[PDB]
Structure formats: structure tokens, C-alpha cells
């Protein structure tokens, strides 16, 4: 072992006492009980390193003697070193910062709490419901699986994080009321902060690291992503562009960790082109950041000629600022944000000489991950600023100092020396008759009624605020991950048709298929871009928004723009139009979907957008009376398909002038009793007539019947 690996593993295992206390066992307090778990484990298999790492959960009299008994020379460590490793990790626990059965209360809604289960994308949607005690059995089952994994684990932080993430993700780090922080997140943010303090060179400090700017907050944000992906020259290709952006971002992050000698625990978050890292504030570091930032931008400039820029900034921050005094952390993030905004108005300033497509076709099914190697290496299919990426297939061998493995937390059969970097991505796609991904043409052909491609852009409303209200690194970590994982993790499931009970009864035109005609372009961070058969995409929007309502405490809200285009429309226009429709739903207040393009009066009283609940209710009311399902109108309206069309031309003589009462004059008459009468509360509330809203249902029905 070495001092750096120890301190990382030291912060990462400090609070592994908590789950063993909760399951019973050593009958001690979590501190003492954690020591007895690792010491007992160490003796089993016979890996003494754990007995060294057991000292973390516990006048320095006994401590020095207990350390001395354990040979520090055996692991090539100094006695004086290990005292630092303990004190450092001790303070690290305080900076990232009571019955036993208390569960993890949602970051999205502290009122509701998560029922114990291990992180599994396949095994159901995390829905924060009613507060239930977790049994002293569920924890016993946890600790035994946990013990079994740690036995076979290789004892590097990259092989320890994935098993801590599997099992301790849905566990309250402290068992108090309305505790929001996942244990995994507190553990990695103590490993993160601890290692920083070591690399910062501060030692025997009981506040030189605490009340001094010995840390760096490193936030990295790509800009012009929309142009890089959706504005060039096919779906196969446009998918690979989104995948290339993921690898490029990783190539930068991993490089930053590599050159600052930090671990993946130091990656506070990395979602949707936005990443944050905590690090040391050594002159050696800021130099290595200035070197990296430059060599990245130069490469991004050479490669894409200003379409894609990477804005990296860092701020000197102290232990004080990771916590609250009377919320410093948010205010340290704000001063870093402002730094970034400024840098984005200086795109490619890191180039003084500024003022003087076959590899993505062969990259656009069968692979498990990618090998981060040198550029000059055989088999390298794509290259980022710092490293080539060698595709890693099922039957093949992984190649490179780091291996990126897709949609698992289990290394699998990879070499013991290789660093395990897990990455999740939403990449659901309707398979063709051929093994390849469906085309805009194949998708549009599949749709009920009209043959149009369906496009939906979807963002989360006022995320900036939600994240700004996080006290501590560990909180922000639990916030980011749970957010990212909804889109990266569960959108796949949602498309498959899972969680019917959670999201039942949403507007739909056909029965939901086994192999839906959908292709995810992106699904990560707080946003998603998905295309498919227009009627299936229309329904998915309501499914996704319902799942997200449940996945949050009904406390966060989506806005969605929908689009139904001729298959032969260019990618760039469809994007521009759904984009225009999305930020229109947000502008018209938030928590609302743009369902279909609409004529309206330009009197500043009439919103193109519908509130999710408004539309969901409108559909429940009208659709069952007129629509039978799977492309077929109601038998009553066969030979009357026009009575619908006549209401559209009726609503138009309300759009012409919403003060003209002619639409009363014009109005079986039993069908649609809501519209015929002149609404009055709407005239007082300064709101539209029911007539204004209906088209949103009818137009969609008429598209499904043609």
C-alpha cells in the first residue's frame, strides 16, 4: 500500500460501521462495531490490509500503541504517516457533514422516504412514499452480501466504490428525521475531501486545512453542445455524436484525476456535459489544471473549429465553505458559476493564434465498454483530447490504463491492474429487421394514422435553484446522482412499459407495444431528446412526466416540447422547432407540455402550452367519447368525422376575435356539452374559453384516424 491509497480507502470505509450496527451483530456503537467488522473480515480470506483500514471507524495514547502493534513497515507505511491518515479522514467526515430503522428521506421531498433496496435499474423505480421502519433483517441481508463482495474485491477505491454504491445507495448516512444524504454519497465525499487534504500537504492539524483555502472546486461545462450534435451535414450518426461527447468529457475528467493524483470519489458529479471535482490547492495542481485546460481547448478547436468549447474554471475554497455558518457552499458555487459564465464569453481565449466522419459511422450494438489507451495504439476507434478509446467487445480483451464499462457496477472479467470506471447511458433503440438501430423512415412508418416522426425535448424546471439549496458536498452529490440516474437509468425502463401502476392512465392512441418504435438520442442530467413513431412519442411524454412526478415527491416538474414532422425533415430543424416549443412551455410558466402547434389570439391571455394536469384531464374527458383506440374512431362518429373538423373551424372564429360571440350562434348536441355555453368565470379570471383548449385533444385524435 501507499499513503494516498490508504487515505482514500480510509475516508471511503470510515462509516461502514453504520450498516453493521443497524443489522445488530457486534452489539457496540457504530464506531467500535465498524472496527470489529473489518478486523473479522481481514482475518477471513487473510488480507491484513482491512485490519489496517479498521482503525478509521474508531489522548492518542492507545491509538499510537494499537497502530504500532500493526506493522506499518509490512505495508511500506510510516507510523507518523498513519496518524495523519486517521486525523485527515476524521476532519474529512466533519466537512462532508436517531433510531436504527429510520430510512433515507428523499432529496426531492424530505417529507417522504425510500424503501430499502440495492441500486438496480432493472429492479423497479425508486418512488419516495410513506415513512416505514427498515427491519434489522434487511440490514443483516445487506451486510452479508456487502461482506461477500468486499472479500473478492481488489481493495482499490475504483473496485470498492461500485459495491458501496450497489448496497449503501438507499441508506440514511445519519438516522435523524428528514435526513437526505445517501451513505454512499457521504462516504465518497469523505474519501474525496480526505485525499484533497493529503495532496494539499497539510498534516497534524487539530484548523490549518479547515480555516484555510487548501481545497479547489473544479467545475467544467461544455458550451454549444446543441450545435455539435444536431447541426451537422441520419439517426445512427447523430446518436454517436452524443456518445462521442460522453467519452470526450470522461477523457478530460479522468485526465484531471490522473494528473492531480485523485480518485473517482473526487468527481462530485458528471452529468449532461457538466462536471465538478474537489481537489488540493497546491501550485503543482493549478499549473497541471492550466496545462490540461489549454491542451483540451486547442484539441477541441483543431477537431471541430469552434462548434464545441469546454469552459473549465476552479476556485480556492476552505473547509469552512463545505458547510453552513448561520449556506457558504452554495455561495462558493455561485462565485465559481460567475467565473464560468465569464469564461464562456471568452471562448478559445486559451489560443493566442485565434486572431491571425468515417470513425463515427463505424462507431454508430454488441460492445460492453471502451479502453482509455494512448492515441498511437492499434484498434483505437475514436480519440479525445488526451487519449484514444479502444472499443471493448463481449468476446474480446480490454486494453488501457483505464477501462470504461457500460450500464453495470460489476467489473466483470477485466485485468486486476486496470482501473474500473463504470458509466451509465440511456441508449434504448427499436431494433430493425437487421441488428442495427431503426431509421427516421422506419420509425415514422410504424406510427398510428398519419406517418410522421415524433420528437420530444424535455428539461427539468428551475434545477439551478434546487441544487443551489444544497448545504454540503454530500447533499449536492445525493441530489445530482438521483437526478442523473432518473434519465440515464429509468427512461429505458419507462419506454419498455414498466411501472404501469405508478404511471397508469396517460393519454394514448394505441396499446403500448413490447418492442416500441422509439430511439433515445440523449437522456441524462436534467434533460432528454427522444424520437419515434409520433403516437408512441406523444404517450411517452406523459409516462415520463408521471414517473418523474413519482420519482420526485411530486415536488419537481418537467416541461416538454413535442413535434410531429414529415420523416424527410432535417435533424437540425426538428431540433430547432421542439427547442422553440420547449422553452415556450417554460416561458408560459413551468410544469407544462407543448402538445401540438396551435393557432391562438395574440392578446397575451392565450398560452400555446398546456399544464400536464390540464391536458391529462381534457383527454380523460373528451377522448373516450370520440376515440375507440388503435387508430379507430368511435362507431357513432364513423360518417361524422367532420363534426370534429367543424369544432376546429369553430375555434378559428374564436381565434379571429375572442370577443366576437358568433361561436355561440354556430353551436348529436349532447356530445361536447362543455363548449356550447359562453363560460363566465373564464371571462372574470381573464382566462380562455374551454373552446380554446379542445383542439389539443381533437387534432391528436384526427392525426390517429387519417
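Positions refer to the first chain, counted from 1.
Omission of residue 197 is seen in none of the other entries compared for this protein where the adjacent residues are built, far below a third.
Among the other PDB entries of this protein that were compared and that flank it with modelled residues, residue 669 is left unmodelled in a third or more.
The modelled chain breaks between residue 667 and residue 668, where 4 to 9 residues of the deposited sequence lack coordinates. Per the record, residue 58 and residue 59 are separated by 4 to 9 deposited residues that are missing from the model. Looking at 135-143 and 519-527 together, the entry lists the larger mean B-factor for 135-143, computed on C-alpha atoms. Once the C-alpha B-factors are averaged per stretch, 387-395 and 621-629 rank with 387-395 first.
Annotation for 337, 264, 274, 375: 375 ranks highest, by Cα B-factor. Highest CA B-factor among 71, 280, 579, 448, as stated in the entry: 71. For residue 316, the recorded CA B-factor ranks within the middle third of the chain. Only modelled residues enter the ranking.
Annotation for residue 301: CA B-factor lies in the middle third of the chain's modelled residues. Split the chain's modelled residues into thirds by C-alpha temperature factor. Residue 84 is in the highest one. When the CA B factors of the chain's modelled residues are split into thirds, the value for residue 474 lands in the middle one. When all modelled residues of the chain are sorted by CA temperature factor, residue 351 is found within the highest third.
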